[PDB]
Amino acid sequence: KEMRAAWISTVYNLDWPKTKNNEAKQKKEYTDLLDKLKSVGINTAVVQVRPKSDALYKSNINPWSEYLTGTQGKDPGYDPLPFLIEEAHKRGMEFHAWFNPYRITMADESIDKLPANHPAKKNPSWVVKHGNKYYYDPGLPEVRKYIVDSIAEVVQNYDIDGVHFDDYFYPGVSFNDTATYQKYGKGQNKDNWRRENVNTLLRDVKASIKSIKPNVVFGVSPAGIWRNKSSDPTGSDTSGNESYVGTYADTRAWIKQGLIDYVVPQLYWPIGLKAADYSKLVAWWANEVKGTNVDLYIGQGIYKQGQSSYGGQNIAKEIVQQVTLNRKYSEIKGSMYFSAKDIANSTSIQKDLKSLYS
């Protein structure tokens, strides 16, 4: 059946939970949200279980997420994840656990204030500062193993249907990994080595998942441009930021090597936008997966509703037009909507999705 997913982001309490330190209210906020999503045809919840090197689940590896209580590491008095999963399943909805692999801190947060048992505190060798934030080093084999193991815990212990990574990889062109490169890089072009570091993580996460539960899917949602045609003649007829260059996310390699089961390019632009034309990009991405077994879903930017903050771009108003176009491409297998709150908070969006999905 067609994929009809919504992202439920927990970072900064974006979509869920609205309330901290109140188990009953958090539970009701979630079921009410699922009910509204189901009512418009959403069949899959993609829920951020690791927003910030943390866990919205009981873990022997990673600390409780601050977004449940206000305090990182604080036990909220229940494990939310069984509830999040079981309530999705009772409504006939699939559940994909979404992880951010490398993030550790937000801007200006002190690394020294993490909980004692935090992996980044126990393993200072793993941590790289970039600007005013800290990250796990994608180039360390121990870091990759730790991420694999962190996901494997969730696969083993919870009835998930999928594992999902979003679009954050290396945080910028530069990154203070010279020592890592010297030790492990074999003199390879450094940027190619960084791309391969990310590829290796994806490969190893997929393999781990399959060795436990073969039918659990693994997917990634990268940024919507891989390379512009101006950098690579087989790239897209677009301008602006490229995932290949800017975060070392080589989505084409992932597809060609079968490192993922599904891919969700974030096409958060209107049809006709010169720099990043939705209509050109759906075609480009459909062609990328042709002849592979990688499922293509389009990331839909319904959060853009004409605000000046987005230069007046209004994706929500044209969502029927976008999905109608998607459906012209047999390689496109559905959509993921950013984000759940936008569906919940808008009667117009609800009406449009009902008309697409009923």
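Each residue number is its position in the shown sequence, starting from 1.
Visitor: Between 31-39 and 308-316, which has the higher average C-alpha B-factor in the PDB entry?
Guide: 308-316 has the higher mean C-alpha B-factor.
Visitor: Per the record, averaged over C-alpha atoms, which has the higher B-factor: 252-260 or 268-276?
Guide: Averaging CA B-factors over each stretch, the winner is 268-276.
Visitor: Out of 72, 287, 156, 211, which residue has the highest Cα temperature factor in the PDB record?
Guide: It is 72.
Visitor: Name the residue from 281, 163, 107, 81 with the greatest C-alpha temperature factor listed in the entry.
Guide: Each of 281, 163, 107, 81 was compared by C-alpha B-factor; the highest is 107.
Visitor: How does residue 179 rank on Cα B-factor within its chain, lowest, middle or highest third?
Guide: Its C-alpha B-factor, which the entry lists for residue 179, ranks in the middle third among residues of this chain.
Visitor: Going by the CA temperature factor in the PDB record, which third of the chain does residue 291 belong to: lowest, middle or highest?
Guide: It belongs to the highest third of the chain when residues are ordered by C-alpha B-factor.
Visitor: According to the PDB entry, is the CA B factor of residue 118 in the bottom, middle or top third of its chain, that is, lowest, middle or highest?
Guide: According to the entry, residue 118 has a C-alpha B-factor in the chain's highest third.
Visitor: Please rank the C-alpha B-factors of the chain's modelled residues and tell me whether residue 194 sits in the lowest, middle or highest third.
Guide: As the PDB entry reports it, the C-alpha B-factor of residue 194 lands in the lowest third of its chain.
Visitor: Residue 242: which third of its chain by C-alpha temperature factor?
Guide: Middle third of the chain for residue 242's C-alpha B-factor.
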